[PDB]
Every structure is written in C-alpha cells, then in structure tokens.
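I have placed the structure first, in the form of structure tokens, so that the comments after it can refer back to it.
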Amino acid sequence: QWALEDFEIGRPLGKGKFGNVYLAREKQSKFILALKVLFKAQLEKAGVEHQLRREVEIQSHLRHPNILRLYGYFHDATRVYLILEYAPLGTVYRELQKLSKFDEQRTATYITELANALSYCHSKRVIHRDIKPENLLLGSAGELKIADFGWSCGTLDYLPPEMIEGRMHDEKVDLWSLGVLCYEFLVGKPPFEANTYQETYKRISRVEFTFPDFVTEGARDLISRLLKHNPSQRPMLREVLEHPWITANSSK
Ligand SMILES: C#CCNC(=O)c1cc(Nc2cc(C3CC3)[nH]n2)nc(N2CCN(C(=O)c3ccc(O[S+](=O)=O)cc3)CC2)n1
C-alpha cells in the first residue's frame, strides 16, 4: 500500500548492520516518522528473510504508548522499507553513555514503563527478547518506547539462563531482562559483562553478579528477586510494579 515515493527522507538517524534509518516525512501531508531501509543484502545473507518477516507481523498488531509503532512496509528490488514511529530523543543507550549511570527516580520509572509494555505484550501473547538499552527510544516527553522485536549468536549479556542452556523458555524470560536492565541503569554496565561468550555464558549460567557499594537495598532486593536461576520465584510483572522501592521512586 506504500512506496518509496510517498516519502521525503531527511536527516540520517542511524547507520547500522542490516540497513539505515532516516528521518522521513510522508509528503502526502507531512507526517514525521522514522523510515528504516533494510536491503536484501545482509538480510538475504541470513535466512532472516521470513524470520524478521513474522516479526513485522507481530509489530503491526501491537499498539501501546510504550511500544514503538509499525505503520507499514514495502519491498524494493534491492531492499525493504519499514515505516516506524519517530522518537525525538534517541535511545536509552545514548542517554546512558552521557549520564554514565541513572539515579533511582529515573530507573524506577523506566522499569515501570517497561513492566507495563511487557505486561501488555504477554496479555497479547507476545514473548520478547533482545530488549536492551540499544532497543529503547525516548519520546517527546521522555516516554520510554521499546523497539526492534525482530527477535520475537550475539551478545549474551541480556539472555536468561534457560535460553543459553538451549533449554525451554516462556513468559518469565522478560523478568530476567527486567533484572539485567535495572542493574545496568543503576550501575552503568550489565551484571554479567565480560570479554567472551564462554565467560559470560558461565557467569550468566551460574547467575554470578556483585553489587557496587552505592546501589541500595530495595534495589538490591528487586534485582535479586528478579534474577533467580529457575524461571519461577521471579515475580510476575504485576508484582514488580508493586515493589516498595519501585513505587517509592517511580512516576505515574
Ligand atoms: C540524541 C538525540 C536525538 N535523537 C536521536 O539521536 C535518535 C532518534 C531516533 N528516532 C527514532 C528512530 C526510530 C526507528 C526505530 C529506528 N524511531 N524513532 N533514532 C535514533 N537512532 C536509532 C537507530 N540507531 C542505530 O544505531 C541503529 C539501530 C538499529 C539498526 O538496525 S537496522 O537493521 O539497520 C540500525 C541502526 C541509532 C540512532 N537516534
């Protein structure tokens, strides 16, 4: 229903691996949106042609203030194009490099907007992975918005134990990500970082992490409760919005 000639591309937002994302205005009536171009190259270098083709199928059937929108897509002879919502204030990874580490007010609010988005995703029967600071955009008001979802290998940093052990995984995976994220926001780095898979794999498998002095109790109690090896004993996100440290610092 769309084509490359209903759009006017502007400032290059990001130059990535599978393509580029540009600021674009729908010339029909001047709508500001993010337009990502995925070439057949790289994409056809892997079998991800229909791998991230069902990912777009999941994206469209997804409406949420904290979930980045997918308006549509179309195919070229060289590439494919994705019409996405524009997030004025970049990624959380960028804000994280400038501030190095977040406080408790900001972090508690981020895991709140995330718990809501994940809850909606589970109610809509959607399992998510990959969720990391590189995949989180800020809106006009700093509204957190999750992206990618093409994954709905690489750096294991944000993968749960059951997933790397090649075993079974369910909805409780997103509550491990919530734990790893909350740590990274508070500390500045993921709780299982390293220089290799074999080390990170061991560390993530053994669930071996430590706390800097400044990260406080209530935050420790939440990161700890969230980062249990077994898929159970991890609170359902309904219970994570309830946590005292969360509520005592969050926004709504
Ligand atoms: C500071 C400041 C002001 N704002 C920005 O500086 C700012 C705003 C923005 N607004 C957006 C983009 C989107 C779309 C979902 C893209 N919605 N709202 N995006 C970015 N980015 C996104 C992309 N960036 C990447 O590094 C990349 C990632 C994957 C990727 O995959 S793809 O297969 O090629 C290829 C590149 C890095 C800068 N940066």
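Identifiers in the structure tokens: chain A, B, ... in order shown; residue index from 1 per chain; ligand index from 1 in order shown.
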
Can you pull out the residues contacting residue 181 in chain A? Cut-off 8 Å, using only C-alpha atoms, and skip same-chain residues under 5 positions away; I want them as a PyMOL selection string. chain A and resi 132-133+158+190

Please dump the current selection as an mmCIF file, in the first residue's frame; keep N, CA, C and O atoms.
data_model
loop_
_atom_site.group_PDB
_atom_site.id
_atom_site.type_symbol
_atom_site.label_atom_id
_atom_site.label_comp_id
_atom_site.auth_asym_id
_atom_site.auth_seq_id
_atom_site.Cartn_x
_atom_site.Cartn_y
_atom_site.Cartn_z
ATOM 1 N N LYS A 132 17.095 -4.338 25.126
ATOM 2 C CA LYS A 132 18.290 -3.745 25.709
ATOM 3 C C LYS A 132 18.342 -2.253 25.395
ATOM 4 O O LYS A 132 17.671 -1.792 24.472
ATOM 5 N N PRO A 133 19.143 -1.496 26.165
ATOM 6 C CA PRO A 133 19.279 -0.038 26.041
ATOM 7 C C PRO A 133 19.462 0.444 24.603
ATOM 8 O O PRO A 133 19.156 1.596 24.297
ATOM 9 N N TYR A 158 22.094 -10.079 27.829
ATOM 10 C CA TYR A 158 20.712 -9.874 28.244
ATOM 11 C C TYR A 158 19.865 -11.138 28.134
ATOM 12 O O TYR A 158 18.645 -11.089 28.294
ATOM 13 N N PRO A 190 25.987 -4.072 32.319
ATOM 14 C CA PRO A 190 25.224 -5.293 32.600
ATOM 15 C C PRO A 190 25.903 -6.140 33.674
ATOM 16 O O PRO A 190 27.129 -6.124 33.780
#

So which residues are near ligand 1, meaning at most 6 Å away with only C-alpha atoms and all ligand atoms counted, given back as a ChimeraX atom specification? /A:13-21,34,38,84-91,147

Just list the residues in range 44-173 of chain A DSSP gives helix (DSSP H, G or I) on the backbone, as a VMD selection string. chain A and resid 55 to 60 92 to 99 104 to 123 133 to 135 156 to 158 161 to 164 171 to 173

What would the file look like if the residues just selected were written as a tab-separated table (two decimals), in the first residue's frame with N, CA and C atoms?
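So selection_21.tsv came out as:
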chain	number	residue	atom	x	y	z
A	55	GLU	N	8.15	-11.08	12.44
A	55	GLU	CA	8.39	-10.09	13.47
A	55	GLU	C	7.62	-8.81	13.16
A	56	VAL	N	7.56	-8.47	11.87
A	56	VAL	CA	6.76	-7.34	11.42
A	56	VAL	C	5.28	-7.67	11.55
A	57	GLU	N	4.95	-8.95	11.40
A	57	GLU	CA	3.57	-9.41	11.56
A	57	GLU	C	3.12	-9.20	13.00
A	58	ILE	N	4.05	-9.35	13.94
A	58	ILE	CA	3.75	-9.15	15.35
A	58	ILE	C	3.72	-7.67	15.70
A	59	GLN	N	4.58	-6.90	15.04
A	59	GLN	CA	4.71	-5.47	15.32
A	59	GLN	C	3.44	-4.68	15.02
A	60	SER	N	2.86	-4.91	13.85
A	60	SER	CA	1.65	-4.20	13.44
A	60	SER	C	0.51	-4.40	14.44
A	92	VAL	N	17.97	5.00	24.86
A	92	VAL	CA	18.38	5.00	26.27
A	92	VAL	C	19.87	4.70	26.41
A	93	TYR	N	20.43	4.04	25.40
A	93	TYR	CA	21.85	3.69	25.39
A	93	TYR	C	22.70	4.95	25.23
A	94	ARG	N	22.16	5.90	24.47
A	94	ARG	CA	22.82	7.18	24.25
A	94	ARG	C	22.79	8.02	25.52
A	95	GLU	N	21.60	8.11	26.12
A	95	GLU	CA	21.43	8.82	27.38
A	95	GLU	C	22.25	8.17	28.49
A	96	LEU	N	22.49	6.87	28.35
A	96	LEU	CA	23.24	6.11	29.35
A	96	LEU	C	24.74	6.36	29.22
A	97	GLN	N	25.19	6.70	28.02
A	97	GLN	CA	26.60	7.00	27.79
A	97	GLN	C	26.94	8.41	28.24
A	98	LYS	N	25.94	9.29	28.21
A	98	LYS	CA	26.13	10.68	28.59
A	98	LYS	C	26.04	10.85	30.11
A	99	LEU	N	25.17	10.07	30.75
A	99	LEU	CA	24.98	10.17	32.19
A	99	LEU	C	25.71	9.05	32.93
A	104	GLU	N	17.69	6.70	41.04
A	104	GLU	CA	16.59	5.81	41.40
A	104	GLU	C	15.25	6.29	40.86
A	105	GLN	N	15.08	7.60	40.76
A	105	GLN	CA	13.85	8.15	40.21
A	105	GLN	C	13.67	7.77	38.74
A	106	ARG	N	14.72	8.00	37.96
A	106	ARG	CA	14.69	7.73	36.52
A	106	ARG	C	14.59	6.24	36.23
A	107	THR	N	15.38	5.44	36.94
A	107	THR	CA	15.39	4.00	36.74
A	107	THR	C	14.05	3.35	37.08
A	108	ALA	N	13.50	3.74	38.23
A	108	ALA	CA	12.23	3.17	38.69
A	108	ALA	C	11.11	3.44	37.69
A	109	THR	N	11.19	4.59	37.03
A	109	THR	CA	10.20	4.98	36.04
A	109	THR	C	10.38	4.18	34.75
A	110	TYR	N	11.63	3.90	34.39
A	110	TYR	CA	11.93	3.14	33.18
A	110	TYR	C	11.45	1.69	33.27
A	111	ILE	N	11.63	1.08	34.43
A	111	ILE	CA	11.20	-0.31	34.64
A	111	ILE	C	9.68	-0.37	34.82
A	112	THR	N	9.09	0.78	35.12
A	112	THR	CA	7.64	0.89	35.23
A	112	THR	C	7.00	0.90	33.84
A	113	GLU	N	7.50	1.78	32.98
A	113	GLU	CA	7.03	1.85	31.60
A	113	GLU	C	7.34	0.55	30.86
A	114	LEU	N	8.37	-0.15	31.32
A	114	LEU	CA	8.77	-1.42	30.71
A	114	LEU	C	7.87	-2.56	31.19
A	115	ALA	N	7.58	-2.59	32.49
A	115	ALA	CA	6.70	-3.61	33.05
A	115	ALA	C	5.32	-3.56	32.42
A	116	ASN	N	4.83	-2.34	32.19
A	116	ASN	CA	3.54	-2.15	31.53
A	116	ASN	C	3.56	-2.69	30.11
A	117	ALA	N	4.61	-2.33	29.37
A	117	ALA	CA	4.74	-2.75	27.98
A	117	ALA	C	4.87	-4.27	27.87
A	118	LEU	N	5.64	-4.86	28.77
A	118	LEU	CA	5.81	-6.31	28.79
A	118	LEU	C	4.52	-7.02	29.20
A	119	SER	N	3.80	-6.42	30.15
A	119	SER	CA	2.53	-6.99	30.60
A	119	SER	C	1.53	-7.03	29.45
A	120	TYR	N	1.40	-5.91	28.76
A	120	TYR	CA	0.56	-5.80	27.57
A	120	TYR	C	0.98	-6.81	26.51
A	121	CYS	N	2.29	-7.02	26.39
A	121	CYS	CA	2.85	-7.96	25.42
A	121	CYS	C	2.49	-9.40	25.75
A	122	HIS	N	2.43	-9.71	27.04
A	122	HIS	CA	2.10	-11.05	27.49
A	122	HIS	C	0.59	-11.30	27.43
A	123	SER	N	-0.19	-10.28	27.76
A	123	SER	CA	-1.64	-10.36	27.66
A	123	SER	C	-2.03	-10.54	26.20
A	133	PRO	N	19.14	-1.50	26.16
A	133	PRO	CA	19.28	-0.04	26.04
A	133	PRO	C	19.46	0.44	24.60
A	134	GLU	N	19.96	-0.43	23.74
A	134	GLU	CA	20.11	-0.09	22.33
A	134	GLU	C	18.77	-0.19	21.60
A	135	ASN	N	17.80	-0.80	22.27
A	135	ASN	CA	16.47	-1.00	21.69
A	135	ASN	C	15.38	-0.20	22.39
A	156	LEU	N	25.39	-12.24	24.68
A	156	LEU	CA	24.51	-12.98	25.58
A	156	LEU	C	24.06	-12.15	26.78
A	157	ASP	N	24.66	-10.97	26.94
A	157	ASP	CA	24.50	-10.15	28.15
A	157	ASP	C	23.08	-10.07	28.71
A	158	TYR	N	22.09	-10.08	27.83
A	158	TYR	CA	20.71	-9.87	28.24
A	158	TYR	C	19.86	-11.14	28.13
A	161	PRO	N	19.20	-17.56	31.72
A	161	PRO	CA	19.90	-18.85	31.85
A	161	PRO	C	19.29	-19.97	31.01
A	162	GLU	N	17.97	-20.09	31.03
A	162	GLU	CA	17.30	-21.19	30.34
A	162	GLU	C	17.47	-21.11	28.83
A	163	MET	N	17.70	-19.90	28.33
A	163	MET	CA	17.78	-19.67	26.89
A	163	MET	C	19.16	-20.03	26.34
A	164	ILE	N	20.21	-19.74	27.10
A	164	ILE	CA	21.57	-20.05	26.68
A	164	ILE	C	21.90	-21.53	26.90
A	171	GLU	N	7.22	-16.99	29.29
A	171	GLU	CA	6.97	-15.57	29.53
A	171	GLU	C	7.87	-15.00	30.62
A	172	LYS	N	8.41	-15.87	31.46
A	172	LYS	CA	9.25	-15.45	32.57
A	172	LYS	C	10.65	-15.02	32.13
A	173	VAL	N	10.87	-15.00	30.82
A	173	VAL	CA	12.15	-14.56	30.28
A	173	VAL	C	12.28	-13.04	30.39

Just list the residues in range 40-175 of chain A DSSP gives strand (DSSP E) on the backbone, as number ranges by chain. A: 70-75, 79-85, 136-138, 144-146

Counting only C-alpha atoms, closest pick from A:167, A:151, A:226, A:101 relative to residue 185 in chain A is A:101

Pick out the residues sitting within 8 Å of residue 192 in chain A, and hand them over as JSON, numbers by chain; count only C-alpha atoms, and ignore anything fewer than 6 positions along from it in its own chain. {"A": [157, 200, 203, 204, 208, 209]}

Atoms to include: N, CA and C atoms. Write the selected residues as an mmCIF file, in the first residue's frame.
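Listed below is the output, part-v8.cif:
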data_model
loop_
_atom_site.group_PDB
_atom_site.id
_atom_site.type_symbol
_atom_site.label_atom_id
_atom_site.label_comp_id
_atom_site.auth_asym_id
_atom_site.auth_seq_id
_atom_site.Cartn_x
_atom_site.Cartn_y
_atom_site.Cartn_z
ATOM 1 N N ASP A 157 24.660 -10.968 26.945
ATOM 2 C CA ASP A 157 24.501 -10.146 28.152
ATOM 3 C C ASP A 157 23.085 -10.073 28.713
ATOM 4 N N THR A 200 30.960 -15.143 29.892
ATOM 5 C CA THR A 200 29.624 -14.607 30.121
ATOM 6 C C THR A 200 28.618 -15.741 30.248
ATOM 7 N N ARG A 203 29.119 -17.111 33.628
ATOM 8 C CA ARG A 203 28.627 -16.164 34.625
ATOM 9 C C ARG A 203 27.107 -16.042 34.603
ATOM 10 N N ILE A 204 26.532 -16.001 33.407
ATOM 11 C CA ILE A 204 25.083 -15.934 33.272
ATOM 12 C C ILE A 204 24.440 -17.256 33.673
ATOM 13 N N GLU A 208 26.094 -15.301 38.556
ATOM 14 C CA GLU A 208 27.088 -14.730 39.454
ATOM 15 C C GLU A 208 27.305 -13.247 39.188
ATOM 16 N N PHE A 209 26.770 -12.416 40.076
ATOM 17 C CA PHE A 209 26.929 -10.973 39.963
ATOM 18 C C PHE A 209 27.209 -10.348 41.324
#

I want to know what sits within 7 Å of range 24-31 of chain A, based on only C-alpha atoms, with residues of the same chain fewer than 3 positions away left out; could you give that as a ChimeraX atom specification? /A:6-10,34-35

Please save N, CA and C atoms of the selected residues as a PDB file, in the first residue's frame.
ATOM      1  N   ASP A   6       6.168   8.197  -1.646  1.00  0.00           N
ATOM      2  CA  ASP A   6       5.192   8.944  -0.865  1.00  0.00           C
ATOM      3  C   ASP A   6       5.936   9.618   0.278  1.00  0.00           C
ATOM      4  N   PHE A   7       7.256   9.457   0.279  1.00  0.00           N
ATOM      5  CA  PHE A   7       8.083   9.903   1.393  1.00  0.00           C
ATOM      6  C   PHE A   7       9.207  10.847   0.981  1.00  0.00           C
ATOM      7  N   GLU A   8       9.596  11.706   1.918  1.00  0.00           N
ATOM      8  CA  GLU A   8      10.763  12.564   1.765  1.00  0.00           C
ATOM      9  C   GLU A   8      11.738  12.317   2.910  1.00  0.00           C
ATOM     10  N   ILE A   9      12.833  11.631   2.604  1.00  0.00           N
ATOM     11  CA  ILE A   9      13.827  11.281   3.609  1.00  0.00           C
ATOM     12  C   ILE A   9      14.700  12.483   3.945  1.00  0.00           C
ATOM     13  N   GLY A  10      15.045  12.624   5.221  1.00  0.00           N
ATOM     14  CA  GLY A  10      15.865  13.737   5.659  1.00  0.00           C
ATOM     15  C   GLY A  10      17.130  13.306   6.373  1.00  0.00           C
ATOM     16  N   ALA A  34       9.926   7.664  11.422  1.00  0.00           N
ATOM     17  CA  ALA A  34      11.230   7.062  11.191  1.00  0.00           C
ATOM     18  C   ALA A  34      11.114   5.971  10.134  1.00  0.00           C
ATOM     19  N   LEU A  35      11.922   6.076   9.084  1.00  0.00           N
ATOM     20  CA  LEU A  35      11.875   5.114   7.987  1.00  0.00           C
ATOM     21  C   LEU A  35      13.188   4.349   7.868  1.00  0.00           C
TER      22      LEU A  35
END

Counting only C-alpha atoms, the option among A:216, A:224, A:230, A:78 closest to residue 187 in chain A: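 For residue 187 in chain A, the nearest of the given residues is A:216.
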